[PDB]
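Right, one structure below, let's go through it.
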Amino acid sequence: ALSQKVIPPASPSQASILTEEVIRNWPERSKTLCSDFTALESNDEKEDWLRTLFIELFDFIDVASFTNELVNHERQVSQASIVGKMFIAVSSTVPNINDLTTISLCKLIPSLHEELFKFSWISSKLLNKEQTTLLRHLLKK
Amino acid sequence: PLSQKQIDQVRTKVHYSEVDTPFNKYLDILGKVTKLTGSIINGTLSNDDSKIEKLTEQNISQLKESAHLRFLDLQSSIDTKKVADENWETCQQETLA
Amino acid sequence: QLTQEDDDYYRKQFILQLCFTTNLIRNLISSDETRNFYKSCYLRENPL
Amino acid sequence: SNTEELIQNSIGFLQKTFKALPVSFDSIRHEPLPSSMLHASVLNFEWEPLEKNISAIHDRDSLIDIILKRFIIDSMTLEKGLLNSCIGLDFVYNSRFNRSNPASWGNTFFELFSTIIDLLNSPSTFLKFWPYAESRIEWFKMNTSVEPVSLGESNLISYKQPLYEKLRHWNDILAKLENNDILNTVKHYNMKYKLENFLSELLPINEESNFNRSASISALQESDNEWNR
Amino acid sequence: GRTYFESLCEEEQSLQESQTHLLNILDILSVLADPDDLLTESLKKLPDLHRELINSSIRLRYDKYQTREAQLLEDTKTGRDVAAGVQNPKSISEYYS
């Protein structure tokens, strides 16, 4: 009797408009997405689109996605800054739903591996006991 | 035995550690409210069985007050640090002149 | 500054510097106990 | 809304009350403001609004903290702002017993201190203000205890809740002042000395971060800073 | 996001929108949890605010990262770099000699 907790309104899965269609036609669609990303100018606007894609991606969750992130990051290395890595580093922690699947997926991708050390919770990856001891000492000094 | 790449990794980790408490507090309130919003959107949210929220209408005012206080605190914090940066820049220009 | 014959404080600074550093080098070489401490300190901040 | 107007009324009332007092700046630089000089109404947190008693009951201590912070900030942005800031910084010490959680004054007091250290215009003002912080050291040394410590004993640690960020921040400021190395006026060296001596006197001689662990100093050059070279 | 100062202002401007979204959501939730046909409208308007709060928060964290990066880049410029641009070294050398 605390609440009815009965919800008449409902929403169907018609989202992922920019990450649209079936994941089928995988390589053609993936190359199309990479080309579209490289196409855009006005870096700011790019960031916007990225958000959508990334959250849509975390709706699905895999190795294909990791390869896609590899291609995106490597294409972004041509320029100076790294926006894709930072945006993954935020949109990995921001959403409501998550699990250790994020830990594993980050453990898989080696490109943004150092960006993850920079900002996110990377106590897991740097697991060599020698590394964590060196870390404690270097921090305290 | 630790290689070079691992040492560079831990060095960049130490060179970037920041501890900003007002920011973390504000983001904590953001999480603590969006979790409850999403739970109620799911429809099977809770009866305070799990540790995500309490639907009791006696602590909602506590949530609003905390939101206001933390928002104002973080606002003042970034205001202070940008003022300090402007001041340091002014002094450097003065001594250069 | 150094060779003036009337202002000798600079030579005192130089002599003091040599004496300090030589004291440390002698203790390092001969004691074989502080050597372990300095080796540990150099290593912990940089294992290579 | 309710809290914003509440804060505005409170800051107005505080500004008036503190403008009332006669204590001159130089008088307070060296002598602590005694408790008698304020009415017991201003203490015990019975103030002008006193209207949202049920509403503001939720978080009491935090409210005073944020309104005092805003007071310090708006007054700081001088020989007058410094006076108001010092009076508030002494007030928060004197009003400790009335607080709900008496220990919580520590993390509050230090907090305000940091803010005002940030707002000082130039090292001239910093040297004009430091004699205060050197007058009331024995108030820093008690992290949470409400009773004074015996002269010569400190209960502060490098990693404790009070210093956990403050030591990091002040080491940042020291490093930045050291990094100039070319455009340093003597005021800068005097300021860095005052700061290192304050911090070194805070923590005991024995703490793990009060004696360097064998770092042989580089950058010992005595050249004329790339002038007349 | 060129310098410390501009990045700070941009972070503040994002904070403002996040705050107003949070306040609207808190108001709607307090209305819904109040002791029909109003609760239906509330639960109907909810998801639009839900999938706006997340965007605001994601953007906020992105700016926080960016400004940390900018500050750390600024802090490496030593004094000699700023002082290399002085006009007349002659008078300076005469002074120091």
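Here, A, B, ... name the chains of the structure tokens in the order displayed, residue numbers run from 1 inside each chain, and ligands are numbered from 1 in the same displayed order.
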
I'd like to know which residues of stretch 55-177 of chain D are helix (DSSP H, G or I) (by DSSP, run on the backbone); could you write them as a PyMOL selection string?
chain D and resi 55-57+61-76+81-94+102-119+123-135+137-140+163-177

12 Å contact set for residue A:101, only C-alpha atoms, chain neighbours under 2 positions out, as a PyMOL selection string:
chain A and resi 58+60-63+92+97-99+103-108

Store the residues of this selection in a file with N, CA and C atoms, as a short mmCIF file (atom, residue, chain, number, x, y, z; two decimals), in the first residue's frame.
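After the write, out-v9.cif holds the following:
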```
data_model
loop_
_atom_site.label_atom_id
_atom_site.label_comp_id
_atom_site.auth_asym_id
_atom_site.auth_seq_id
_atom_site.Cartn_x
_atom_site.Cartn_y
_atom_site.Cartn_z
N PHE A 58 26.12 0.88 -25.47
CA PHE A 58 26.02 0.24 -24.17
C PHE A 58 24.61 -0.28 -23.92
N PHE A 60 23.39 -2.41 -26.12
CA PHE A 60 23.52 -3.79 -26.59
C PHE A 60 24.19 -4.67 -25.55
N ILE A 61 25.29 -4.22 -24.97
CA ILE A 61 26.01 -5.01 -23.99
C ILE A 61 25.37 -4.86 -22.61
N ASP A 62 30.67 -8.67 -29.05
CA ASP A 62 31.38 -7.69 -28.23
C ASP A 62 32.75 -7.39 -28.80
N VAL A 63 33.42 -8.43 -29.29
CA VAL A 63 34.75 -8.26 -29.87
C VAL A 63 34.68 -7.38 -31.12
N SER A 92 31.20 5.43 -19.85
CA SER A 92 31.24 4.10 -19.25
C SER A 92 30.71 4.14 -17.82
N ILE A 97 22.93 1.47 -16.05
CA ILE A 97 23.22 0.04 -16.05
C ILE A 97 24.69 -0.18 -16.35
N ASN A 98 25.29 -1.13 -15.63
CA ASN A 98 26.69 -1.49 -15.83
C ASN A 98 26.96 -2.80 -15.10
N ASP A 99 28.17 -3.31 -15.28
CA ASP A 99 28.63 -4.55 -14.66
C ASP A 99 30.14 -4.64 -14.89
N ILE A 103 34.62 -3.70 -17.24
CA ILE A 103 36.00 -4.01 -16.86
C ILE A 103 36.65 -4.90 -17.90
N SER A 104 35.95 -5.95 -18.32
CA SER A 104 36.52 -6.87 -19.31
C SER A 104 36.74 -6.18 -20.65
N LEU A 105 35.74 -5.43 -21.12
CA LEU A 105 35.86 -4.76 -22.41
C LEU A 105 37.01 -3.76 -22.41
N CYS A 106 37.20 -3.04 -21.31
CA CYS A 106 38.34 -2.14 -21.21
C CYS A 106 39.65 -2.92 -21.16
N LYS A 107 39.64 -4.07 -20.48
CA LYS A 107 40.84 -4.90 -20.44
C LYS A 107 41.20 -5.41 -21.82
N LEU A 108 40.22 -5.47 -22.73
CA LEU A 108 40.49 -6.02 -24.05
C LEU A 108 41.16 -4.99 -24.96
#
```

Within 12 Å of stretch 183-193 of chain D, counting only C-alpha atoms, which residues show up once you throw out same-chain ones fewer than 4 positions away? Write them as a count of residues only, please.
44

Using only C-alpha atoms, I'd like every residue of chain B that has an atom within 12 Å of chain D; please write them out as JSON, numbers by chain.
{"B": [17, 18, 19, 20, 21, 22, 58, 59, 60, 61, 62, 63, 64, 65, 66, 67, 68, 69, 70, 71, 72, 73, 74, 75, 76, 77, 78, 79, 80, 81, 82, 83, 84, 85, 86, 87, 88, 89, 90, 91, 92, 93, 94, 95, 96, 97]}

Would you save the residues of that selection, restricted to C-alpha atoms, as an mmCIF file, in the first residue's frame?
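Okay, this is what ended up in part.cif:
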```
data_model
loop_
_atom_site.group_PDB
_atom_site.id
_atom_site.type_symbol
_atom_site.label_atom_id
_atom_site.label_comp_id
_atom_site.auth_asym_id
_atom_site.auth_seq_id
_atom_site.Cartn_x
_atom_site.Cartn_y
_atom_site.Cartn_z
ATOM 1 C CA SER B 17 45.483 12.194 -9.580
ATOM 2 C CA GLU B 18 43.036 14.853 -8.405
ATOM 3 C CA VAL B 19 40.917 14.985 -5.259
ATOM 4 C CA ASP B 20 38.023 17.449 -5.562
ATOM 5 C CA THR B 21 35.417 16.878 -2.861
ATOM 6 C CA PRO B 22 32.564 19.290 -3.812
ATOM 7 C CA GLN B 58 9.660 12.668 4.664
ATOM 8 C CA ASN B 59 13.212 12.788 3.260
ATOM 9 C CA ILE B 60 12.409 14.369 -0.114
ATOM 10 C CA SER B 61 12.906 17.820 1.389
ATOM 11 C CA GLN B 62 16.258 16.537 2.641
ATOM 12 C CA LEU B 63 17.132 15.650 -0.951
ATOM 13 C CA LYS B 64 16.142 19.099 -2.215
ATOM 14 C CA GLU B 65 18.076 20.882 0.540
ATOM 15 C CA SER B 66 21.152 18.749 -0.098
ATOM 16 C CA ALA B 67 20.917 19.437 -3.830
ATOM 17 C CA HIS B 68 20.760 23.189 -3.238
ATOM 18 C CA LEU B 69 23.609 23.188 -0.722
ATOM 19 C CA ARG B 70 25.985 21.045 -2.778
ATOM 20 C CA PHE B 71 25.242 22.941 -5.984
ATOM 21 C CA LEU B 72 25.979 26.260 -4.296
ATOM 22 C CA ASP B 73 29.151 24.840 -2.749
ATOM 23 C CA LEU B 74 30.578 23.583 -6.035
ATOM 24 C CA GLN B 75 29.592 26.840 -7.737
ATOM 25 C CA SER B 76 31.523 28.855 -5.156
ATOM 26 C CA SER B 77 34.474 26.474 -5.493
ATOM 27 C CA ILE B 78 34.974 26.944 -9.218
ATOM 28 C CA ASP B 79 34.373 30.675 -8.800
ATOM 29 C CA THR B 80 37.172 30.853 -6.235
ATOM 30 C CA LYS B 81 39.673 28.916 -8.312
ATOM 31 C CA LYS B 82 39.069 30.934 -11.470
ATOM 32 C CA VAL B 83 39.490 34.158 -9.474
ATOM 33 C CA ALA B 84 42.776 32.836 -8.087
ATOM 34 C CA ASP B 85 44.003 32.028 -11.588
ATOM 35 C CA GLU B 86 43.133 35.500 -12.868
ATOM 36 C CA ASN B 87 44.997 37.007 -9.910
ATOM 37 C CA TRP B 88 48.124 34.946 -10.545
ATOM 38 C CA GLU B 89 48.071 35.986 -14.202
ATOM 39 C CA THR B 90 47.759 39.654 -13.245
ATOM 40 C CA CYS B 91 50.697 39.432 -10.840
ATOM 41 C CA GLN B 92 52.884 37.690 -13.413
ATOM 42 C CA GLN B 93 52.121 40.397 -15.968
ATOM 43 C CA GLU B 94 52.916 43.050 -13.362
ATOM 44 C CA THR B 95 56.349 41.662 -12.542
ATOM 45 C CA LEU B 96 57.135 41.152 -16.225
ATOM 46 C CA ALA B 97 56.283 44.797 -16.900
#
```

Residue neighbourhood residue C:13, 12 Å, only C-alpha atoms, exclusion window fewer than 6 positions, as a PDB file with N, CA, C and O atoms, in the first residue's frame:
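As written to disk, part-v1.pdb reads:
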```pdb
ATOM      1  N   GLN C   1      85.477  37.583  -8.186  1.00  0.00           N
ATOM      2  CA  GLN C   1      84.948  37.187  -6.889  1.00  0.00           C
ATOM      3  C   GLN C   1      85.919  36.295  -6.133  1.00  0.00           C
ATOM      4  O   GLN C   1      86.161  36.507  -4.941  1.00  0.00           O
ATOM      5  N   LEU C   2      86.481  35.284  -6.798  1.00  0.00           N
ATOM      6  CA  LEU C   2      87.252  34.296  -6.048  1.00  0.00           C
ATOM      7  C   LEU C   2      88.649  34.797  -5.703  1.00  0.00           C
ATOM      8  O   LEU C   2      89.098  34.649  -4.562  1.00  0.00           O
ATOM      9  N   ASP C   7      88.323  39.978  -0.043  1.00  0.00           N
ATOM     10  CA  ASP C   7      87.029  39.366   0.228  1.00  0.00           C
ATOM     11  C   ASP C   7      87.203  37.861   0.151  1.00  0.00           C
ATOM     12  O   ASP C   7      87.277  37.302  -0.947  1.00  0.00           O
ATOM     13  N   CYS C  19      83.972  20.195   1.451  1.00  0.00           N
ATOM     14  CA  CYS C  19      84.023  19.382   2.660  1.00  0.00           C
ATOM     15  C   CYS C  19      82.740  18.585   2.848  1.00  0.00           C
ATOM     16  O   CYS C  19      82.788  17.387   3.151  1.00  0.00           O
ATOM     17  N   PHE C  20      81.581  19.221   2.654  1.00  0.00           N
ATOM     18  CA  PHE C  20      80.320  18.494   2.778  1.00  0.00           C
ATOM     19  C   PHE C  20      80.273  17.306   1.822  1.00  0.00           C
ATOM     20  O   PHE C  20      80.038  16.153   2.234  1.00  0.00           O
TER      21      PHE C  20
END
```

Interatomic distance (Å, one decimal) between atom CA of residue E:69 and atom CA of residue C:45:
24.8 Å

Can you build me a table of chain C residues sitting at most 12 Å from chain D, with the closest atom pair per residue and its distance in Å to one decimal, using only C-alpha atoms, sorted by chain and residue number, as a tab-separated table?
```
residue	atom	partner	partner_atom	distance
C:17	CA	D:220	CA	11.9
C:21	CA	D:216	CA	11.1
C:24	CA	D:216	CA	11.4
C:34	CA	D:214	CA	11.1
C:37	CA	D:214	CA	9.1
C:38	CA	D:214	CA	7.5
C:39	CA	D:214	CA	10.6
C:40	CA	D:214	CA	10.3
C:41	CA	D:214	CA	7.1
C:42	CA	D:214	CA	8.8
C:43	CA	D:214	CA	12.0
C:44	CA	D:213	CA	11.1
C:45	CA	D:215	CA	10.5
```

Okay, now the selection with N, CA, C and O atoms, as a JSON list (two decimals), in the first residue's frame?
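Output contents, as saved in again_36.json:
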```json
[["chain", "number", "residue", "atom", "x", "y", "z"],
["C", 17, "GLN", "N", 81.62, 23.70, 0.62],
["C", 17, "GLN", "CA", 80.96, 22.79, -0.31],
["C", 17, "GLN", "C", 81.77, 21.52, -0.51],
["C", 17, "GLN", "O", 81.23, 20.39, -0.44],
["C", 21, "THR", "N", 80.48, 17.57, 0.53],
["C", 21, "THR", "CA", 80.34, 16.51, -0.45],
["C", 21, "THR", "C", 81.34, 15.38, -0.22],
["C", 21, "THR", "O", 81.00, 14.20, -0.35],
["C", 24, "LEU", "N", 80.24, 13.06, 2.52],
["C", 24, "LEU", "CA", 79.24, 12.08, 2.09],
["C", 24, "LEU", "C", 79.87, 10.97, 1.26],
["C", 24, "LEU", "O", 79.54, 9.79, 1.42],
["C", 34, "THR", "N", 75.22, 2.53, 4.76],
["C", 34, "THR", "CA", 74.42, 3.55, 4.11],
["C", 34, "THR", "C", 74.28, 3.27, 2.62],
["C", 34, "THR", "O", 73.30, 3.70, 2.00],
["C", 37, "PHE", "N", 71.04, 1.69, 2.05],
["C", 37, "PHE", "CA", 69.92, 2.62, 2.14],
["C", 37, "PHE", "C", 69.79, 3.46, 0.88],
["C", 37, "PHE", "O", 68.68, 3.63, 0.35],
["C", 38, "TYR", "N", 70.90, 3.98, 0.37],
["C", 38, "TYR", "CA", 70.82, 4.80, -0.83],
["C", 38, "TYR", "C", 70.45, 3.96, -2.05],
["C", 38, "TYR", "O", 69.73, 4.43, -2.94],
["C", 39, "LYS", "N", 70.92, 2.72, -2.10],
["C", 39, "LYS", "CA", 70.51, 1.83, -3.18],
["C", 39, "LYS", "C", 69.01, 1.58, -3.13],
["C", 39, "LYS", "O", 68.32, 1.63, -4.16],
["C", 40, "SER", "N", 68.48, 1.36, -1.93],
["C", 40, "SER", "CA", 67.04, 1.15, -1.80],
["C", 40, "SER", "C", 66.26, 2.38, -2.22],
["C", 40, "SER", "O", 65.23, 2.28, -2.89],
["C", 41, "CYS", "N", 66.73, 3.56, -1.82],
["C", 41, "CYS", "CA", 66.02, 4.79, -2.16],
["C", 41, "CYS", "C", 66.04, 5.04, -3.66],
["C", 41, "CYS", "O", 65.01, 5.39, -4.25],
["C", 42, "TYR", "N", 67.20, 4.87, -4.29],
["C", 42, "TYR", "CA", 67.27, 5.04, -5.73],
["C", 42, "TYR", "C", 66.38, 4.03, -6.45],
["C", 42, "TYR", "O", 65.75, 4.35, -7.46],
["C", 43, "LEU", "N", 66.32, 2.80, -5.94],
["C", 43, "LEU", "CA", 65.55, 1.77, -6.62],
["C", 43, "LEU", "C", 64.05, 2.01, -6.52],
["C", 43, "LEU", "O", 63.33, 1.90, -7.51],
["C", 44, "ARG", "N", 63.56, 2.34, -5.32],
["C", 44, "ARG", "CA", 62.12, 2.38, -5.11],
["C", 44, "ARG", "C", 61.45, 3.41, -6.01],
["C", 44, "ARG", "O", 60.33, 3.19, -6.49],
["C", 45, "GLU", "N", 62.11, 4.54, -6.27],
["C", 45, "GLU", "CA", 61.50, 5.55, -7.12],
["C", 45, "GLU", "C", 61.65, 5.20, -8.59],
["C", 45, "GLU", "O", 60.92, 5.72, -9.44]]
```

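The closest residue to residue B:40, picked from A:7, A:2, A:23, A:55 and counting only C-alpha atoms, is A:7.
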
What's around residue B:38 at 9 Å? Count only C-alpha atoms, leave out sequence neighbours fewer than 6 positions away in its own chain, and write the answer as a short mmCIF file (atom, residue, chain, number, x, y, z; two decimals) with C-alpha atoms, in the first residue's frame.
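selection33.cif written:
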```
data_model
loop_
_atom_site.label_atom_id
_atom_site.label_comp_id
_atom_site.auth_asym_id
_atom_site.auth_seq_id
_atom_site.Cartn_x
_atom_site.Cartn_y
_atom_site.Cartn_z
CA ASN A 96 22.40 3.63 -15.04
CA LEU B 45 11.66 0.39 -8.07
CA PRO E 47 11.13 9.93 -19.26
CA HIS E 50 15.29 11.23 -17.47
#
```

Hey, list the chain B side of the contact with chain A: 9 Å cut-off, only C-alpha atoms, answer as JSON, numbers by chain.
{"B": [1, 2, 6, 7, 9, 10, 11, 12, 13, 14, 15, 16, 17, 31, 34, 35, 38, 40, 41, 42, 43, 44, 45, 47, 55, 56]}

Go ahead and save the residues from that selection, with C-alpha atoms, as a short mmCIF file (atom, residue, chain, number, x, y, z; two decimals), in the first residue's frame.
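Contents of part_1.cif, freshly written:
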```cif
data_model
loop_
_atom_site.label_atom_id
_atom_site.label_comp_id
_atom_site.auth_asym_id
_atom_site.auth_seq_id
_atom_site.Cartn_x
_atom_site.Cartn_y
_atom_site.Cartn_z
CA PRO B 1 60.51 -7.46 -12.98
CA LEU B 2 58.70 -4.40 -14.35
CA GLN B 6 54.33 -0.34 -17.14
CA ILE B 7 56.46 2.28 -15.39
CA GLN B 9 51.73 3.91 -17.21
CA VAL B 10 51.96 4.19 -13.43
CA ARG B 11 53.83 7.49 -13.78
CA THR B 12 51.05 8.99 -15.88
CA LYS B 13 48.54 7.70 -13.34
CA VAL B 14 50.30 9.50 -10.49
CA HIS B 15 50.81 12.66 -12.56
CA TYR B 16 47.03 13.06 -12.95
CA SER B 17 45.48 12.19 -9.58
CA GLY B 31 23.70 9.44 -9.10
CA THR B 34 19.01 9.29 -11.23
CA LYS B 35 19.09 5.75 -9.85
CA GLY B 38 15.30 5.07 -13.43
CA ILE B 40 10.60 4.36 -10.77
CA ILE B 41 10.67 4.39 -14.57
CA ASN B 42 11.14 0.62 -14.41
CA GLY B 43 8.07 0.35 -12.17
CA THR B 44 9.43 -2.24 -9.73
CA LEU B 45 11.66 0.39 -8.07
CA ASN B 47 10.23 -0.50 -0.91
CA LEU B 55 10.39 6.63 -1.44
CA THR B 56 9.30 8.10 1.92
#
```
